[PDB]
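>>> please find the sequence and an experimentally derived structure below.
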Amino acid sequence: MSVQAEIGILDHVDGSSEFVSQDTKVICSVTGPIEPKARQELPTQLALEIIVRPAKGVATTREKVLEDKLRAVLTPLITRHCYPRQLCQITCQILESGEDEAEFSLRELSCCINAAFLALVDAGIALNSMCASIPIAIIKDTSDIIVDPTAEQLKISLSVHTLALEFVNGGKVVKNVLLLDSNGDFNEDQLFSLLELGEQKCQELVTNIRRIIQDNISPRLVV
Amino acid sequence: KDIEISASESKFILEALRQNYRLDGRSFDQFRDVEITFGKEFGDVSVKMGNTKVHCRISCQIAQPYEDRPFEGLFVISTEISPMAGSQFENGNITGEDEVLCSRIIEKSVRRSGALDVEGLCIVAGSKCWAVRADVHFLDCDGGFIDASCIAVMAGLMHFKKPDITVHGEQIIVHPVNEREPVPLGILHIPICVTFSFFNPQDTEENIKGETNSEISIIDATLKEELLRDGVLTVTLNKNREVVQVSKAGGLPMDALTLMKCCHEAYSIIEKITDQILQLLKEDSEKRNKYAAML
Amino acid sequence: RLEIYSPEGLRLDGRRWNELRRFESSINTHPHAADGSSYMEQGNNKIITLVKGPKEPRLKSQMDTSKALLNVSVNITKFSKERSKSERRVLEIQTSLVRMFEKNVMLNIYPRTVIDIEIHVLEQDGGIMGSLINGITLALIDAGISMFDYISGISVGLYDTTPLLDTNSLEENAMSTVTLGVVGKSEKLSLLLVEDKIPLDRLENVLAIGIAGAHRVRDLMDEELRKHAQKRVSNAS
Amino acid sequence: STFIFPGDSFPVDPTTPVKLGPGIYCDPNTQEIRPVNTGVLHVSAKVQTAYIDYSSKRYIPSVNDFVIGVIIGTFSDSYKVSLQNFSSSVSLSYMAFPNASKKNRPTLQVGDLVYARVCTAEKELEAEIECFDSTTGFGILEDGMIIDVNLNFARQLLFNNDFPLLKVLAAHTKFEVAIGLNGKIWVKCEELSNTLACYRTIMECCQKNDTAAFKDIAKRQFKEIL
Amino acid sequence: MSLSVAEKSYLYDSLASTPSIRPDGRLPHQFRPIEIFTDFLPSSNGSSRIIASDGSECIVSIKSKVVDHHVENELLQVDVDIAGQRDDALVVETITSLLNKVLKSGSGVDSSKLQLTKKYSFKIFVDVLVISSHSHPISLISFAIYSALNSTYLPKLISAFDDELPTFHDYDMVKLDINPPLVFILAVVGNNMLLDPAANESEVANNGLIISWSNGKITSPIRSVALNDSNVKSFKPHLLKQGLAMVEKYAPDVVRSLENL
Amino acid sequence: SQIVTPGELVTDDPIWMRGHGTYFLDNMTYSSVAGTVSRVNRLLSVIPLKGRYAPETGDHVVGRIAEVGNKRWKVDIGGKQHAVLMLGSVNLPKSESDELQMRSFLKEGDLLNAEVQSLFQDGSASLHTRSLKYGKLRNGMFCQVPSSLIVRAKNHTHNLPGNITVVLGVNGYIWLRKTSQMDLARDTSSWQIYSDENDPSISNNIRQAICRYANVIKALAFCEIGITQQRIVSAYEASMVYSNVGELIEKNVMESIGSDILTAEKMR
Amino acid sequence: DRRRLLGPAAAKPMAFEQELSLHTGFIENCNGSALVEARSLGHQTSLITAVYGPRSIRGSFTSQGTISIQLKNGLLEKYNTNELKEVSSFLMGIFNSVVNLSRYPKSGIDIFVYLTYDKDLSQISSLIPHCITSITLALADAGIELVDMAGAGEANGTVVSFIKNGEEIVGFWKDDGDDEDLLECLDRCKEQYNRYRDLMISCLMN
Amino acid sequence: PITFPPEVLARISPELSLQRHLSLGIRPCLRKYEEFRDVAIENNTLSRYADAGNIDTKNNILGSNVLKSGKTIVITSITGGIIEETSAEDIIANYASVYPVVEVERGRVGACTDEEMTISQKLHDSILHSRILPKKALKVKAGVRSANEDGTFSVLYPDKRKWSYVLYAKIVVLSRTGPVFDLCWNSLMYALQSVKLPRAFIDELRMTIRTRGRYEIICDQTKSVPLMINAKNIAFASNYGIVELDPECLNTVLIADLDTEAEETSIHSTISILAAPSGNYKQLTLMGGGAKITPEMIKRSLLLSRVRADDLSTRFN
Ligand SMILES: [Cl-]
Ligand SMILES: [Cl-]
Ligand SMILES: [Mg+2]
């Protein structure tokens, strides 16, 4: 689809990014590697402190689950063994949810994944591969698989899915499925039609993410 | 986690203040330029002061008024800190020294002052009223969190518009924005916070018993200036020549008249800021009516 | 019947605008519970202040090699008001009192130690922040802890144009109030607290009356302190 | 010099002997040489040295790097030094000074600025710096002002002699500069008005990343000081 | 309270000796002197302040409130606040639960004495504050509560007993003549019982007893409390009968000592 | 002697040596505490009316072991800070094996007798027990009075009638014990000097006399009378009027004992 | 509470001899567990105990162990928080004189008693003896040294815990009840003690 | 080489303990690759409506379930609540949920762990998204209580303020050996089917002025209605793991129902499924931290989840 993003917007963190998919908007900060707390210390590899803040109100367990799912995507993306006994602060501040927060959170999760990835890119932390996340929904009576669904489409969605894939070799090889979070009523035949079209639009996003990363980092360096 | 300041840096910045120099090129009485950005939704406002960045989000839900104040709506402000503004902040410690003080200042400046007309939030006298909420997100810290929050909250409350509601006795029908247009909030006054940072170029003995007071005062300190200051004073005013609240909790003892001249100093600034906020709102409204003609 | 400020110039208790409340202080009130102690009776207020230290900290982690650690704990008892069953506001009082006496107590000359202050408010009736300040100043001096000067607390309300020195609970709920913490006999303010709206032009007059009343409180405290010392050295003679 | 993303196919062939620099990672499991940082991949000609130039602000201690630290603690045999806020501390031994002896300990106190070189930078150990030359300008940096700068701007200022920042600054004032590869640049002049004018110019030049704007920025900043 | 094992072993041998040698020459039934002050909180219906010989201090405030006794089951409520102890700390919760049982509207205290109309009665808020403590303060608190409830005065009723809300006289006031209980704590050191155990005595005691007392008789609650954790050991049943007889014999002396107003 | 309070000007003369309880700005020298002005040679100082025990070199102190560290003990002396007792400053009953099993001599909570050997920069004391009179305390009971009542004197371990010996710590920490044979040698084998066992022959008469001495020491402190060897024995002999030692705890009895000592010294 | 899902705040809650069965060693995370299910003609009670320890306390010079007993209202929240901590205090007093604490220095032992069923066909007095039965069983399964088999009985508000075949008392509890009942109460409580002690020993053997 | 006994290798390296077991063809929990733990259920045991006659007046639990799968014991109790409504198809907006509080009893005592919190939210979110509980099923059919004859009060229910029920769940977990969400969900599913909603009524003024000096909904102590959940949407939980076989200790295996420290710590490719018997799948969670999740593992996990859901609903009539 069409997404807009920025890189390096905050001054007091090692990496920052802003990601906007339709109406969802997340700003993300990354600080690492830094000295970890005693409770957080890991001898062999890097420890991650992942924080997600809601667009309204204080943090509830709803964001604690988004923090857990976000960790599931980011942890295999970071070359943690390069920074033994260190800490990384990935903080996500959701600005506009782009969805009815009462019922849905997949747009925020998919945007936090991309924003966290971009902020980790801006922070210069070792990454094994690339990553892109898309939200998908299957609409009620039409039974169509709408990639990057609007907030109005989600209201009449019978199932909602977040797909985040691990990309390698110029964003053309799918190294793994980092997270697939499916919720609602669906069958096996629907699921694989979803994963097929989802991988296609995911491959479109890394190609767009590669373009945005290059437009932001290339003027910073010398050729 | 602590911010280590080198001895060469502590001496240079303080010696530059004695030479009437500020690192960011400002003067001692110069408040930073306030940049206010409005989002697509009403109540989405982003304030910037040099490098300091804050964001506020106004929201409202229908709730029941307290039995003690049955003709009154509800209003609360949230200012939880996150490591995004800098690794110096612990994740959501709402009990730290600076976190508690700064929160009580914003509460006393906006909530306690009655800047929001809580009587207009009341829907029906016995039950049903509006419960407004102002959430502040500190994105980037370069000092002046108190002053930035006060501007962000007020700009949000004024920009915010609550949805129109029609009551059928006990039936409260909350109309969506597509059905009927929303109505704005009632603002009784616009309080603005100006924070003075004090620097003692001499000893503590010359401050308690000294004849000539030599303490340096600057307005709206940066992060480096804030970390080196010996005292702080947060004063809140509105264009009605009202001192909304003043907070000088401990620190470097200051001459009373010096603090009084700070209050009068700040009134010149809160006039510039109040008129600036109202102008950016008028410009934002004219932009939406220009797209209403194109639609 | 009563009035807030009658036309003849009399308040609810019968005081004039520049009249203090009945001020009575005591020193060495809990020798078997703290190094220094003070019992504050400013009007209806009743405050116990206990200073423990300077002493060795309990956890060697929480210890400063360069200066003493100052901790203030204010306990407002359940029977202080007309009982309520119901925090963030008491936290503000504590950190403010710490920030005040941080710059007054010579913590630099008591390194690797900890000074714990333990306050119990037995009865509350307006201007409790100023009375808390007075209780700490006396209790620290009773503990023999070095400090630069006295710090006196006072509250002043603004009725139309007339400042009302030393406000009680009803006067605080009726008009705006200013709370002052004045260093010794000077014009330096350790604490300035304007808790509600005051017109910018009428505020200087309020401050002037507050500083003057605080100086009277300082002399009243000093007077009681010298009396205790003179009674101590006369009994031992 | 081509742009490379993490997980992309590495162009260099295993038949060529290569020394790996920053940005390239060798898998302990698969033994494949793959990139982990996003930037420009530079490869030498003839023994080929390959690395990736990537943007970063958090310094990681590596050997043979010039760094500026601040003493934050005195221990039994070494100094606890901080090269960057929130980062892990660094050890500076008392014997790591010129003409060092067991009879004379260094006179540094907590808070002093020290210019040193990284000697041992083990990933699983505390990094260490030294104030003596490894092959035989280090020591205390008295007074002055320290400037925060991104690591790419600091590497370009120390190794690229075509970087105009040092030339346009000498053309305005006489100044003493110490360049650290950890993002800290120390400047000191005769007058405070000149040191502050150098701070403001280095701060603004670090933000633009455009080399062709250094001369115009310096001209307006020293004009504002006057 | 820290003691060397040479201190503890010397103390235990002296206390468990026949006859018991207490570190202050006290008799096994002798009480330490205390200072009592009453009527110093004008905002309350009754107040008391007690200072033990070891420096322990306790303040009690009695406050009232008219309530419908048909919906208010408990017409007497104790709130314990021990200085330097969490409000949810075990010792606070235990003492709060214990004291509420000691008073409890129909057990130790006389519920009918709080009645005003056929529909309304007084609810008594007993607020305890322990400024300093060196041992189990349940006995110190009980004595302070006892002195406060005796010096308590309540407003005089005007409206009729049969039932609007009650109406009280503006000036005159009636004294509260409820019979408040007393809680005694005892130390079991060897084969000896000790009334009013001191700090160091409790540090070496094998076990302890909490015994309540009201209207001249032994009443509940009765507990076997552990005054420490190092030297806690079982006790023979005769020691339990001995401690109860000790309270029944010497508590009347404690009452008339406290009742001297 | 002049009574001053915090903030008061003590002298405008700058040709003075600034002592304790003072601070100054230019010629003006102010007081930091509420105390008495002391002028000694050229050292103007203010002696505070209150404050914890401040250790001085040579003080005979009684302390409780607070913690066991690296190669030293931290002892509770009753002052602002803990005092240190270096392993080299004790008579062991040196080997590197003993540096690990330090709890075999002094463990946490142990009571001991020591001398202040020196003071650190911060003011805390360094202790030593390199003598026969200093060591772990046993065969008795502890009790403490404020340090201001213990007058610094040539000797601080006195043998009292009834075969009881008192150790009057300058810090106010008193130890009463059974007069040992070593205590009798004080007029003009012991391998276990850190034994936690008490002499198992302490009679009930000796135990009862410890109580009587404990109560009269408490009574003298209750009257704020300076504790001396001559006053402890005078109170002990006077207290014999009361048959039971328990009677000595009441307020009227304590105030009587102290008054009878002061009025007796007025005659003497 | 932010760490929970408490639903809407505007919502208000809804206002409207003894056969024994013992098991041990059925919980895998702890050092020793026990299950006590007691069915009487007027009340049925089931509760599970878990003993974690001895677990070494970081930098502890304590010469003996430190017992902790937390009585939880595992699902059935029938009893008030005040009384549960009072019973926990009472339970800790008993077992602090039964566990050979000298054998576990610098460490600590934490005991948990989860109530899982309680229906009466306050009541906390009759609940104490079954906690003592379960804690003794769970401590034995955890391999903790016990000076004796601690058991107890209840009779008219009086709760007495015995050791040494009823020769000595390790805990005494009395709420409400009648006067001069002591002699008859110790008799009825010792009967339940022997009954529970026999079943407890028979449980650990078979 | 050097080999260690099984008791230490589990502690030395849980990664090897799994790989050593899988090299022998077995699992650390001693079950086969596609074998589940056996479950045993007790329903409505803690309910106040358990005994049809003697209804427990003190108890407030509307439904319960005790579940034992392997060594783990899970106990769930459903409590109730009523809120006053202040407001105006198969789409998500018309469906409600319950609010769980999960307590995973371990050797520690203190605040809610991230495990306890995430499970509580995961339970709430999946009961909503599976459309198990419709909002209409919680509307209160309220009655009225009037004083009949003269004294006795009679309650009349229909065959105006409006209310709605609120359901709360407390789930305690004993003997936790591995991932426990699936046990909590399955235990909550059995409990929700036993839930009975009590009937509510009101008797036949705060704003009115009063002279000096001078309402709510009440539950029935006996009468109750069944909770009308859409039984077709009830699902059952199963978890799976994809392990790559180490050549020393390329090839992968699929593991069903993860348990023990060895499996939970070392398996970083997990599959969580909520499947409704006879119906469709209600939730699918793929996490590819470890081995590549190929469509063959997905298709097999979907196949095993169906037969697991069919087994769990049928086994307990
Ligand atoms: Cl208050
Ligand atoms: Cl001591
Ligand atoms: Mg828990």
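That came in fine, so what should we check first? Numbers count the residues shown, from 1 in each chain, chains lettered A, B, ... in the order given. Ligands and ions are numbered 1, 2, ... in the order given.

>>> closest residue of chain G to chain C?
residue G:59 (10.4 Å; C-beta to the nearest C-beta). C-beta here means a position set from N, CA and C on the backbone, and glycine is covered the same way.

>>> and if you look at chain D?
residue D:110 (9.9 Å).

>>> nearest spatial neighbour of that residue, skipping sequence neighbours?
Once flanking residues are discounted, residue D:110 sits nearest to residue D:71: 5.3 Å by C-beta to C-beta, 6 or more residues apart in numbering or on different chains.

>>> ok, what's across the strand from that neighbour?
residue D:81 (DSSP bridges).

>>> didn't it look like it was pressed against residue D:109?
Yes - if you go by C-beta atoms under 8 Å, residue D:71 and residue D:109 touch, sitting 7.0 Å apart.

>>> next secondary structure after the lengthiest helix in chain D?
Longest helix in chain D, counting residues (DSSP state H): helix D:192-208. Counting by DSSP states H and E, the next helix or strand C-terminal to helix D:192-208 is helix D:214-225.

>>> for that following helix, name the packing helices and strands.
helix D:165-170, helix D:192-208 (3 or more C-beta pairs under 8 Å, 6 or more residues apart in numbering or on different chains; DSSP states H and E).

>>> residues contacting that helix, please?
Helix D:214-225 has contacts (C-beta atoms under 8 Å, 6 or more residues apart in numbering or on different chains) with B:25, D:164-165, D:168-169, D:171-173, D:193-194, D:196-197, D:200-201, D:204-205, D:208.

>>> repeat for stretch B:205-215
By C-beta under 8 Å, 6+ apart, the residues outside stretch B:205-215 that reach it are B:198-202, B:230-231, B:252-255, B:258, C:148-149, C:183-184, C:186, C:188, F:7, F:23-25, F:28, F:30.

>>> mind listing what's buried in that stretch?
B:206-210, B:213, B:215 (16 or more other C-beta atoms under 10 Å in any protein chain shown).

>>> please apply the same query to stretch F:67-81.
F:68, F:72-81.

>>> how about it and chain C, touching?
Yes - legend: contact between stretch F:67-81 and chain C by C-beta under 8 Å from any C-beta of the partner chain is shown at F:74, F:76, F:80-81.

>>> cross-check these against chain E and keep the overlap.
For chain E, no contacts are drawn from these by C-beta under 8 Å from any C-beta.

>>> okay if I get those as a markdown table plus secondary structure and distance to residue F:226?
As requested, the residues of stretch F:67-81 next to chain C are exported to a markdown table (DSSP: H, G, I helix; E, B strand; the rest coil; distance: C-beta to C-beta, whole Å):
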| residue | secondary structure | distance to residue F:226 |
| --- | --- | --- |
| F:74 | strand | 30 |
| F:76 | strand | 24 |
| F:80 | coil | 23 |
| F:81 | coil | 26 |
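
>>> for the residues you listed, which one is nearest chain C?
Nearest to chain C among these, with distances taken as C-beta to the nearest C-beta, is residue F:80, at 4.5 Å.

>>> what sits against that closest one?
Residue F:80 sits in contact with C:53-56, C:110, C:113, F:52, F:54, F:123-124, where contact means C-beta under 8 Å, 6+ apart.

>>> restricted to strands, list these.
C:53-55 (DSSP state E).

>>> most neighbours, which of the residues you listed?
Highest neighbour count within the ones in strands among the contacts of residue F:80: residue C:54, with 28 neighbours (other C-beta atoms under 10 Å in any protein chain shown).

>>> that residue reaches residue C:67, doesn't it?
No - contact criterion C-beta under 8 Å: residue C:54 and residue C:67 do not qualify, at 10.3 Å.

>>> common neighbours of the two, please.
residue C:110.

>>> near chain B, which residues of the stretch 1-150 of chain F?
Counting by C-beta under 8 Å from any C-beta, the stretch 1-150 of chain F sits next to chain B at F:7, F:23-25, F:28, F:30.

>>> now, which of these sits nearest chain D?
Distances from chain D to the residues of the stretch 1-150 of chain F next to chain B, taken by C-beta to the nearest C-beta, are shortest for residue F:23, at 24.4 Å.

>>> what residues are bridge-paired with the residue of chain F found nearest chain B?
Nearest residue of chain F to chain B, counting by C-beta to the nearest C-beta: residue F:25, 4.0 Å away. Counting by DSSP bridges, residue F:25 forms beta bridges with residue F:28.

>>> which parts of chain G sit against chain F?
Counting by C-beta under 8 Å from any C-beta, chain G sits next to chain F at residue G:61.

>>> my guess is residue D:22 contacts residue D:52. True?
Yes - using C-beta under 8 Å, residue D:22 makes contact with residue D:52 at a distance of 6.3 Å.

>>> between those two, what contacts are shared?
residue D:37.

>>> between those two, which one's more packed in?
Using other C-beta under 10 Å as the criterion, residue D:22 and residue D:52 rank with residue D:52 on top: 22 against 15.

>>> show me which residues of the stretch 201-317 of chain H are close to chain E?
H:213-214.

>>> please, where are all the helices along the stretch 201-317 of chain H?
Ranges of helices in the stretch 201-317 of chain H, per DSSP state H, counting those that start in this stretch, are H:260-266, H:295-315.

>>> chain A: which of these is closest?
Nearest of the helices of the stretch 201-317 of chain H (C-beta to the nearest C-beta): helix H:295-315, 5.5 Å.

>>> give me the number of residues near residue G:13?
Counted with other C-beta under 10 Å, residue G:13 comes out at 12.

>>> distance of it from chain H?
Distance, residue G:13 to chain H, using C-beta to the nearest C-beta, to the nearest Å: 5 Å.

>>> is it correct that that residue is in contact with residue H:81?
Yes - between residue G:13 and residue H:81 a contact is recorded at 5.3 Å, counting by C-beta under 8 Å.

>>> what is the burial count for residue H:145?
15.

>>> mind telling me what element it is part of?
Residue H:145 belongs to strand H:143-147, assigned by DSSP H and E.
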